[PDB]
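Structure file entry-v1.cif with mmCIF, C-alpha atoms:
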data_upload
#
loop_
_atom_site.group_PDB
_atom_site.id
_atom_site.type_symbol
_atom_site.label_atom_id
_atom_site.label_comp_id
_atom_site.auth_asym_id
_atom_site.auth_seq_id
_atom_site.Cartn_x
_atom_site.Cartn_y
_atom_site.Cartn_z
ATOM 1 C CA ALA A 35 100.111 134.179 118.034
ATOM 2 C CA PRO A 36 99.570 132.006 114.915
ATOM 3 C CA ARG A 37 102.640 130.519 113.187
ATOM 4 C CA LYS A 38 103.139 129.496 109.539
ATOM 5 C CA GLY A 39 104.051 125.995 110.772
ATOM 6 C CA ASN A 40 105.523 123.510 108.269
ATOM 7 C CA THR A 41 103.354 121.014 106.352
ATOM 8 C CA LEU A 42 105.153 118.345 104.287
ATOM 9 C CA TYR A 43 103.772 116.862 101.048
ATOM 10 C CA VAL A 44 103.708 113.040 101.079
ATOM 11 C CA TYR A 45 103.001 110.991 97.930
ATOM 12 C CA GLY A 46 102.830 107.215 97.359
ATOM 13 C CA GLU A 47 100.510 104.314 96.456
ATOM 14 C CA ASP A 48 98.258 102.323 98.817
ATOM 15 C CA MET A 49 99.121 104.700 101.681
ATOM 16 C CA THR A 50 97.254 104.497 105.009
ATOM 17 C CA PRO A 51 97.047 106.754 108.112
ATOM 18 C CA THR A 52 98.437 104.213 110.607
ATOM 19 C CA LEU A 53 101.456 103.732 108.321
ATOM 20 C CA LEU A 54 102.001 107.480 107.836
ATOM 21 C CA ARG A 55 101.459 108.182 111.552
ATOM 22 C CA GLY A 56 104.377 105.817 112.246
ATOM 23 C CA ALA A 57 106.360 107.433 109.406
ATOM 24 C CA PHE A 58 105.915 110.838 111.090
ATOM 25 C CA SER A 59 105.114 109.880 114.707
ATOM 26 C CA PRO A 60 108.741 109.301 115.842
ATOM 27 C CA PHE A 61 109.949 112.157 113.608
ATOM 28 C CA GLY A 62 108.092 114.537 115.954
ATOM 29 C CA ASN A 63 104.559 115.503 117.045
ATOM 30 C CA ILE A 64 102.059 116.520 114.338
ATOM 31 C CA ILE A 65 99.651 119.376 115.144
ATOM 32 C CA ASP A 66 97.425 118.423 112.190
ATOM 33 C CA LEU A 67 97.396 115.331 109.943
ATOM 34 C CA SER A 68 95.572 115.261 106.585
ATOM 35 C CA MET A 69 95.297 112.617 103.838
ATOM 36 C CA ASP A 70 94.186 112.704 100.180
ATOM 37 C CA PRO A 71 92.545 109.463 98.950
ATOM 38 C CA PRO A 72 91.487 110.909 95.514
ATOM 39 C CA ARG A 73 95.080 111.843 94.595
ATOM 40 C CA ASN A 74 96.886 109.200 96.687
ATOM 41 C CA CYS A 75 98.718 111.939 98.622
ATOM 42 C CA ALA A 76 99.012 112.912 102.307
ATOM 43 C CA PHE A 77 99.975 116.062 104.247
ATOM 44 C CA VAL A 78 102.016 116.079 107.477
ATOM 45 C CA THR A 79 102.282 119.146 109.742
ATOM 46 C CA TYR A 80 105.150 119.413 112.256
ATOM 47 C CA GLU A 81 105.244 121.810 115.231
ATOM 48 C CA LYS A 82 109.022 122.025 114.704
ATOM 49 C CA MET A 83 110.538 122.949 111.320
ATOM 50 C CA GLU A 84 113.356 120.498 112.135
ATOM 51 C CA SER A 85 110.841 117.639 112.466
ATOM 52 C CA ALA A 86 109.770 118.195 108.841
ATOM 53 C CA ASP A 87 113.298 118.548 107.411
ATOM 54 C CA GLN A 88 114.493 115.540 109.440
ATOM 55 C CA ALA A 89 111.487 113.434 108.381
ATOM 56 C CA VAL A 90 111.616 114.597 104.742
ATOM 57 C CA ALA A 91 115.313 113.662 104.477
ATOM 58 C CA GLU A 92 114.886 110.321 106.284
ATOM 59 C CA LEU A 93 111.487 109.484 104.750
ATOM 60 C CA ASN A 94 112.554 110.666 101.275
ATOM 61 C CA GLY A 95 114.346 107.805 99.483
ATOM 62 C CA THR A 96 112.732 104.944 101.437
ATOM 63 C CA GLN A 97 110.671 101.863 100.506
ATOM 64 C CA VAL A 98 107.967 99.813 102.268
ATOM 65 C CA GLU A 99 107.302 96.055 102.247
ATOM 66 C CA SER A 100 106.865 96.633 98.498
ATOM 67 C CA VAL A 101 106.017 100.304 97.851
ATOM 68 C CA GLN A 102 107.834 103.650 97.498
ATOM 69 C CA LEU A 103 106.842 106.927 99.196
ATOM 70 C CA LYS A 104 107.772 110.462 98.077
ATOM 71 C CA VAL A 105 108.168 113.552 100.292
ATOM 72 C CA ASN A 106 107.838 117.077 98.857
ATOM 73 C CA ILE A 107 107.401 120.636 100.184
ATOM 74 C CA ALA A 108 104.086 122.494 99.787
ATOM 75 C CA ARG A 109 104.410 125.398 97.324
ATOM 76 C CA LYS A 110 104.388 128.870 98.923
ATOM 77 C CA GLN A 111 101.722 129.984 96.420
ATOM 78 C CA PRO A 112 98.172 128.769 97.231
ATOM 79 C CA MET A 113 96.565 126.253 94.842
#
Represent the structure from my file as structure tokens, please.
Amino acid sequence: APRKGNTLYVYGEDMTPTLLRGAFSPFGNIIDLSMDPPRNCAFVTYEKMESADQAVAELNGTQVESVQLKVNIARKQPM
């Protein structure tokens, strides 16, 4: 049966897939990975709800070689 799953909202500047994959690869396996180049945002889906909460708490409040990323939760209401 289908499950709601748990997609996380990722925001930041100059963000790439290889970088995000590593920012969510070790946090757990992703069933689907999406990225938004027009809004500079990215979406991360986790098969385990704990993989999203553990990655959102560890990824949230972090910095890169010289950039800052932001993790948020998708709104229940559809855009």
Extract, using all atoms listed in the file, all DNA, RNA and protein residues at most 9 Å from segment 45-57 of chain A, discarding same-chain residues fewer than 2 positions from it, and format them as a PyMOL selection string. chain A and resi 43+59-61+64+67-69+71+73-78+89+93+101-106
Run the PyMOL selection byres ((chain A and resi 107) around 9) on the file and write out the hits as a compact mmCIF listing (two decimals) with C-alpha atoms, in the coordinates of the input.
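Writing done, so here's part38.txt:
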# COMPACT_ATOMS: atom_id res chain seq x y z
CA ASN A 40 105.52 123.51 108.27
CA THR A 41 103.35 121.01 106.35
CA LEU A 42 105.15 118.34 104.29
CA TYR A 43 103.77 116.86 101.05
CA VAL A 44 103.71 113.04 101.08
CA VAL A 90 111.62 114.60 104.74
CA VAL A 105 108.17 113.55 100.29
CA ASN A 106 107.84 117.08 98.86
CA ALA A 108 104.09 122.49 99.79
CA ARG A 109 104.41 125.40 97.32
CA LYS A 110 104.39 128.87 98.92
Atomic separation - atom CA of residue 79 of chain A relative to atom CA of residue 35 of chain A, Å: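 Separation between atom CA of residue 35 of chain A and atom CA of residue 79 of chain A: 17.3 Å.
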So the first atom is atom CA of residue 112 of chain A and the second is atom CA of residue 62 of chain A; what is the distance between them in Å, to one decimal place? 25.5 Å
Could you check which of A:87, A:81, A:99, A:66 is closest to residue 39 of chain A, using all atoms listed in the file? A:81
Atom-to-atom span, atom CA of residue 111 of chain A and atom CA of residue 63 of chain A, Å: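 Straight-line distance from atom CA of residue 111 of chain A to atom CA of residue 63 of chain A works out to 25.4 Å.
Distances from A:70, A:94, A:100, A:38 to residue 82 of chain A were compared using only C-alpha atoms, and the smallest one belongs to A:38.
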Centre and edge lengths, as lines of an AutoDock Vina configuration file, for the axis-aligned box enclosing every listed atom of segment 68-72 of chain A with 3 Å of padding on each of the six sides, in Å to one decimal?
center_x = 93.5
center_y = 112.4
center_z = 101.0
size_x = 10.1
size_y = 11.8
size_z = 17.1
Would you kindly place N, CA, C and O atoms on segment 76-96 of chain A and return the model as a compact mmCIF listing (two decimals), in the coordinates of the input?
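Now in rebuild_37.txt:
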# COMPACT_ATOMS: atom_id res chain seq x y z
N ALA A 76 99.30 112.66 100.87
CA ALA A 76 99.01 112.91 102.31
C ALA A 76 99.78 114.15 102.77
O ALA A 76 100.82 114.48 102.24
N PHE A 77 99.27 114.84 103.75
CA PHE A 77 99.98 116.06 104.25
C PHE A 77 100.38 115.86 105.71
O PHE A 77 99.62 115.34 106.50
N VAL A 78 101.57 116.26 106.07
CA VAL A 78 102.02 116.08 107.48
C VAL A 78 102.47 117.43 108.05
O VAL A 78 103.34 118.08 107.51
N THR A 79 101.88 117.85 109.13
CA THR A 79 102.28 119.15 109.74
C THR A 79 103.18 118.88 110.95
O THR A 79 102.92 118.00 111.75
N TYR A 80 104.24 119.63 111.10
CA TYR A 80 105.15 119.41 112.26
C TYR A 80 105.25 120.70 113.08
O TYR A 80 105.43 121.78 112.54
N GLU A 81 105.15 120.59 114.37
CA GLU A 81 105.24 121.81 115.23
C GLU A 81 106.67 122.37 115.15
O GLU A 81 106.90 123.53 115.40
N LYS A 82 107.62 121.55 114.80
CA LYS A 82 109.02 122.02 114.70
C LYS A 82 109.49 121.93 113.25
O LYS A 82 109.33 120.91 112.60
N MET A 83 110.06 122.98 112.73
CA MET A 83 110.54 122.95 111.32
C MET A 83 111.61 121.87 111.16
O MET A 83 111.82 121.34 110.09
N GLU A 84 112.30 121.54 112.23
CA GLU A 84 113.36 120.50 112.14
C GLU A 84 112.70 119.12 112.01
O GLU A 84 113.26 118.21 111.43
N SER A 85 111.53 118.96 112.55
CA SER A 85 110.84 117.64 112.47
C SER A 85 110.44 117.37 111.01
O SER A 85 110.39 116.23 110.58
N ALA A 86 110.17 118.39 110.26
CA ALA A 86 109.77 118.20 108.84
C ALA A 86 111.02 117.96 107.99
O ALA A 86 111.05 117.09 107.14
N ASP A 87 112.05 118.73 108.21
CA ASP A 87 113.30 118.55 107.41
C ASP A 87 113.96 117.22 107.78
O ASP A 87 114.54 116.55 106.94
N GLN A 88 113.87 116.83 109.02
CA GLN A 88 114.49 115.54 109.44
C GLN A 88 113.65 114.37 108.92
O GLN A 88 114.17 113.33 108.57
N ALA A 89 112.36 114.54 108.87
CA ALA A 89 111.49 113.43 108.38
C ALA A 89 111.50 113.41 106.85
O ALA A 89 111.41 112.37 106.24
N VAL A 90 111.60 114.55 106.23
CA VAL A 90 111.62 114.60 104.74
C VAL A 90 112.93 114.01 104.22
O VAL A 90 112.97 113.39 103.18
N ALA A 91 114.00 114.21 104.94
CA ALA A 91 115.31 113.66 104.48
C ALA A 91 115.39 112.17 104.80
O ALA A 91 115.94 111.39 104.05
N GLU A 92 114.84 111.76 105.91
CA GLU A 92 114.89 110.32 106.28
C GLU A 92 113.77 109.57 105.55
O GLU A 92 113.96 108.46 105.09
N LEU A 93 112.61 110.16 105.45
CA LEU A 93 111.49 109.48 104.75
C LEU A 93 111.74 109.51 103.24
O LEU A 93 111.43 108.57 102.53
N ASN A 94 112.29 110.58 102.74
CA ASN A 94 112.55 110.67 101.28
C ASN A 94 113.62 109.64 100.89
O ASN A 94 114.68 109.58 101.48
N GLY A 95 113.35 108.83 99.90
CA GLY A 95 114.35 107.80 99.48
C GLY A 95 114.18 106.55 100.34
O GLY A 95 115.14 105.93 100.75
N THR A 96 112.96 106.16 100.61
CA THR A 96 112.73 104.94 101.44
C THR A 96 111.72 104.03 100.74
O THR A 96 111.02 104.45 99.83
